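Chains as they are written, first to last, in our numbering: chain A, 16 to 198; chain B, 2 to 133; chain C, 8 to 54; chain D, 1025 to 1296. Beta carbons: idealized from backbone N, C-alpha and C, even for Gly. Data block below; observations after.
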Amino acid sequence: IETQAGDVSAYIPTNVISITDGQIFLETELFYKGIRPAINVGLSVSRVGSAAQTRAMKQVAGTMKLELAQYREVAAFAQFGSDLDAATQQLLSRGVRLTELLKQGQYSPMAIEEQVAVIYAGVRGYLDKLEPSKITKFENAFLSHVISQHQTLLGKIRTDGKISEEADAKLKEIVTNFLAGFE
Amino acid sequence: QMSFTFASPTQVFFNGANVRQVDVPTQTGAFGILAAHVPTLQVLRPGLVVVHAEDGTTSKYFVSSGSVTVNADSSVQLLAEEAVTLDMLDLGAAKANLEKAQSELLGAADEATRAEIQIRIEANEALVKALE
Amino acid sequence: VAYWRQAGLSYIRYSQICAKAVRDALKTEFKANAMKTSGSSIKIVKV
Amino acid sequence: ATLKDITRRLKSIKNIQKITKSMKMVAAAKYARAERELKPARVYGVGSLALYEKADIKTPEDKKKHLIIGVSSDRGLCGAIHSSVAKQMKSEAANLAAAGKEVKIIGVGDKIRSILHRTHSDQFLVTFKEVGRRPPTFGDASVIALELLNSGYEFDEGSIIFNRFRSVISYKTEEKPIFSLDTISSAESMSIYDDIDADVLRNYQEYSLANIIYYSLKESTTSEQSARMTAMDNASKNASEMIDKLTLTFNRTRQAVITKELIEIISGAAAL
């Protein structure tokens, strides 16, 4: 559904939002603000969107959703975030790293295993020290590294359906080593 | 008797406390003070506060500048400027700084510049005399 | 009386030089606390 | 109104409300910092005022050289602070207009000279800048003392009009006596006291200037952050109330637009 300048209160968007079982909402200021694909959420919700996930993506996306829910309250306080306290500063920084993890190039869909790996790295927080403009370059280099070297780990994730403590320990090890050898 | 209200723009010491002897360690000449004393108003030196609060405590520490004021009823206001402790200082920085002050004093030409390098080198040398 | 008054110097400049020497007299961490507590430049406006 | 007009207005006031909550939290954090910094600087200043209260030297009359030190903020958005400071400053200026002449003054911040471009635009002698951005320290108060003393001017009496901090909500605008020349000091009470030679007492006097200016700057910055937090709390509340009123009129305008368009379509299909 095309809406006319965010008019979700029109006839057809209200009808089909009352019909459909979820919505993926795209507010456009995120698109021109430079986070593409333009799914600008908070209005966006899936009414069954926790049981429709693999347990890897269920764990990582549950913690990631709670982190972004803590982030999106405080962004208007993050435009003046430089002269506030440190707990906010950490929370807003983690949210910025996750929000720039969520952007993705057009016409290149990621498999479940590699996006579990990337969002896992962002949730465990091996990105809080990096620059914001270096997150997407890390993302592409991490995809190249994990596809090239560690095929069996993505095999573990896509065949077990989840991280069960050995993928967890190996991802601790490989993300600590690749953060040790990134730049 | 006397209320040795020590203060500095960083923190405050003994503000409203019965103290028995304060070595008030100044520019005109470092002199002690007890409870009954003549009232006075004097500036400070890079110098050395030694406080003794009623029980033979010997707490010495270093003061850049400031002002001491005592009255008839003995209210000792010692408003220092930068009051550092012996748990706060180092040695080789002061040694290299006094060597730099010696070199710049051998290079000075103007009277205000020579006065600044003399107060720098005498702060450093009374500093090192406090250090050792 | 003082030699620096005969140079034409103010006692507050005297105190600031002694403050710079004492901030140099600190080792690392107390040096950081003092330089954070040191004087930021309030600028001037003349007529 | 139209519908897009009220949509624009609601967007604008929702943004002003969020930014005003942001200013409220920034003022709260800087208020907590200024409050925990206020504890040593309060004792320092009240010790200086206590020694000048026990040595209660009076003011000599029938002379000229007076000095008003306006100490307040550079960047406003903080309530009725600078109004009260300017009121007290010009009241002391009109009181020092009669029988005093040299009411050449010094002030800090952009707001004090900005509230003094009209009435005493001749008499403001020096002005300062970038106060209230960083927290006030002692070395910048030393810069104020050097620009008062080494930039040569002599004064015998006046006031340091400082924003006085009292509480989270309230404040106070009131003066302190700035005893200025040694003759005001060395009149009788220093003759009672000891070691009151001219150079020692005038270096003491310059340090007393730096003392009371340090006390005034930290008191004024704490009062600035408290009243700014109060002003941004009240502005967020007023903006939220106006968002509520404009959302109600947006909804009734929306319903009127839907009913108007519906009556036009039904009238067309019926007159067909």
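Am I right that residue i and residue j are in contact with their C-beta atoms under 8 Å? What's the rounded C-beta distance?
{"i": "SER1247 (chain D)", "j": "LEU1225 (chain D)", "result": "Contact flag wrong, Cβ pair sits at about 32 Å."}
{"i": "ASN1227 (chain D)", "j": "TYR18 (chain C)", "result": "4 Å"}
{"i": "residue 136 (chain B)", "j": "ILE118 (chain B)", "result": "Here chain B has residues from 2 to 133 only, and residue 136 (chain B) is not among them."}
{"i": "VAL89 (chain A)", "j": "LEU117 (chain A)", "result": "In fact, because the Cβ distance is near 18 Å, the residues do not count as touching under 8 Å."}
{"i": "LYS1088 (chain D)", "j": "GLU1116 (chain D)", "result": "No, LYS1088 (chain D) and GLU1116 (chain D) are not in contact; Cβ-Cβ is about 15 Å, not under 8 Å."}
{"i": "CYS25 (chain C)", "j": "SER76 (chain B)", "result": "Incorrect: roughly 25 Å between the Cβ atoms, too far for contact."}
{"i": "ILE1185 (chain D)", "j": "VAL1109 (chain D)", "result": "6 Å"}
By the 10 Å Cβ neighbour count, where 16 or more other Cβ atoms means buried, how is residue i classified, buried or exposed?
{"i": "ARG20 (chain C)", "result": "buried"}
{"i": "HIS1106 (chain D)", "result": "buried"}
{"i": "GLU44 (chain A)", "result": "exposed"}
{"i": "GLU82 (chain B)", "result": "buried"}
{"i": "residue 1312 (chain D)", "result": "With chain D running from 1025 to 1296 in the structure shown, residue 1312 (chain D) is simply not present."}
{"i": "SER1191 (chain D)", "result": "exposed"}
{"i": "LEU1272 (chain D)", "result": "exposed"}
{"i": "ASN155 (chain A)", "result": "exposed"}
{"i": "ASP74 (chain B)", "result": "exposed"}
{"i": "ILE122 (chain B)", "result": "buried"}
{"i": "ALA8 (chain B)", "result": "buried"}
{"i": "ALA132 (chain A)", "result": "buried"}
{"i": "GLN19 (chain A)", "result": "exposed"}
{"i": "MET1253 (chain D)", "result": "buried"}
{"i": "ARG87 (chain A)", "result": "exposed"}
{"i": "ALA1295 (chain D)", "result": "exposed"}
{"i": "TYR1055 (chain D)", "result": "buried"}
{"i": "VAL1050 (chain D)", "result": "buried"}
{"i": "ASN1187 (chain D)", "result": "buried"}
{"i": "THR58 (chain B)", "result": "exposed"}
{"i": "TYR122 (chain A)", "result": "exposed"}
{"i": "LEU1172 (chain D)", "result": "buried"}
{"i": "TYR135 (chain A)", "result": "buried"}
{"i": "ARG109 (chain A)", "result": "buried"}
{"i": "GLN166 (chain A)", "result": "exposed"}
{"i": "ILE1287 (chain D)", "result": "exposed"}
{"i": "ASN125 (chain B)", "result": "buried"}
{"i": "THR35 (chain A)", "result": "exposed"}
Please name the residue or residues paired with residue i in a DSSP beta bridge.
{"i": "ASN1174 (chain D)", "result": "The partner list for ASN1174 (chain D) (beta bridge, DSSP) is empty, contrary to what the question assumes."}
{"i": "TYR1195 (chain D)", "result": "D:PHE1189"}
{"i": "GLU126 (chain B)", "result": "According to DSSP, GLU126 (chain B) bridges with nothing at all."}
{"i": "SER4 (chain B)", "result": "B:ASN19 and B:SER76"}
{"i": "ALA1051 (chain D)", "result": "According to DSSP, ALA1051 (chain D) bridges with nothing at all."}
{"i": "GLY67 (chain B)", "result": "B:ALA81"}
{"i": "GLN38 (chain A)", "result": "A:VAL60"}
{"i": "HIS1106 (chain D)", "result": "In DSSP, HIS1106 (chain D) forms no bridge with anything."}
{"i": "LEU42 (chain B)", "result": "B:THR70"}
{"i": "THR86 (chain B)", "result": "B:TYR62"}
At a CB-CB cut-off below 7 Å, which residues of chain D make contact with residue i?
{"i": "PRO47 (chain B)", "result": "By Cβ distance, chain D contributes nothing, its closest Cβ being about 15 Å from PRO47 (chain B), past 7 Å."}
{"i": "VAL44 (chain B)", "result": "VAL1224, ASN1227, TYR1228 and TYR1231"}
{"i": "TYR18 (chain C)", "result": "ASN1227, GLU1230 and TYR1231"}
{"i": "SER68 (chain B)", "result": "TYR1228 and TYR1231"}
{"i": "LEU35 (chain B)", "result": "Going along chain D, no residue has its Cβ under 7 Å from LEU35 (chain B), so there is no contact; the nearest lies around 15 Å."}
{"i": "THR86 (chain B)", "result": "Result: empty, since nearest Cβ-Cβ is about 15 Å, beyond 7 Å."}
{"i": "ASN19 (chain B)", "result": "Going along chain D, no residue has its Cβ under 7 Å from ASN19 (chain B), so there is no contact; the nearest lies around 16 Å."}
List the residues of chain A that residue i touches, going by C-beta distances under 8 Å, in chain order.
{"i": "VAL1281 (chain D)", "result": "In chain order: nothing, as chain A lies at least about 11 Å away."}
{"i": "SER1046 (chain D)", "result": "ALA91, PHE92, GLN94 and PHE95"}
Closer than 8 Å by beta-carbon distance: list the chain C residues that pair up with residue i, in chain order.
{"i": "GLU83 (chain B)", "result": "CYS25, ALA26, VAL29, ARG30 and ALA41"}
{"i": "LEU1149 (chain D)", "result": "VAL54"}
{"i": "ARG1137 (chain D)", "result": "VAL52"}
Please list the partners that residue i has in chain C, where partner means a Cβ-to-Cβ separation under 9 Å.
{"i": "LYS1153 (chain D)", "result": "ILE49, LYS50, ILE51 and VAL52"}
Which residues in chain D have a C-beta closer than 9 Å to the C-beta of residue i? List them in chain order.
{"i": "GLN12 (chain B)", "result": "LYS1063 and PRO1064"}
{"i": "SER76 (chain B)", "result": "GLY1071, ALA1074, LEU1075 and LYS1078"}
What does residue i touch in chain A if you count any residue whose Cβ is under 7 Å from its own?
{"i": "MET1049 (chain D)", "result": "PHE92 and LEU99"}
Quick one: list the residues of chain B neighbouring residue i, beta-carbon separation under 7 Å, in chain order.
{"i": "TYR1195 (chain D)", "result": "By Cβ distance, chain B contributes nothing, its closest Cβ being about 22 Å from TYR1195 (chain D), past 7 Å."}
{"i": "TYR1238 (chain D)", "result": "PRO10"}
Residue i touches chain D at which residues, Cβ-Cβ below 8 Å?
{"i": "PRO40 (chain B)", "result": "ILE1216, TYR1217 and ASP1218"}
{"i": "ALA9 (chain C)", "result": "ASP1223 and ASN1227"}
List, in order along the chain, the chain C residues whose C-beta lies closer than 7 Å to that of residue i?
{"i": "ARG1158 (chain D)", "result": "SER47"}
Next item on the list: For the region 83-105 of chain A, enumerate the residues whose C-beta is nearer than 8 Å to any C-beta of chain D, in chain order.
Entry: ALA91, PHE92, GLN94, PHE95, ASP98, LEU99 and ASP100
Check: Taking any Cβ of chain D, which residues in the region 30-50 of chain C have a Cβ under 8 Å from it, in chain order?
Finding: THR44, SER45, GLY46, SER47, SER48, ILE49 and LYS50
Item checked: Contact residues within the region 1214-1235 of chain D, judged by C-beta distance below 9 Å to chain C -> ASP1221, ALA1222, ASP1223, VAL1224, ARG1226, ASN1227, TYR1228, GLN1229, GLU1230, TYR1231, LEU1233 and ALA1234
Next item on the list: Compile a chain-ordered list of the residues in the region 1162-1173 of chain D whose CB is closer than 8 Å to at least one CB of chain B.
Entry: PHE1162
Note to self: At a CB distance below 8 Å, what residues from the region 1058-1072 of chain D approach chain B? Give them in sequence order.
What the structure shows: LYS1063, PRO1064, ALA1065, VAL1067, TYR1068, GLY1071 and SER1072
Checklist line | Positions along the region 1073-1089 of chain D whose CB lies within less than 8 Å of some CB in chain B | finding: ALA1074, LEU1075, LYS1078 and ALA1079
Notebook entry, point to check: Taking a cut of 9 Å between CB atoms, which residues from the region 1108-1133 of chain D lie near chain A?
Noted result: none
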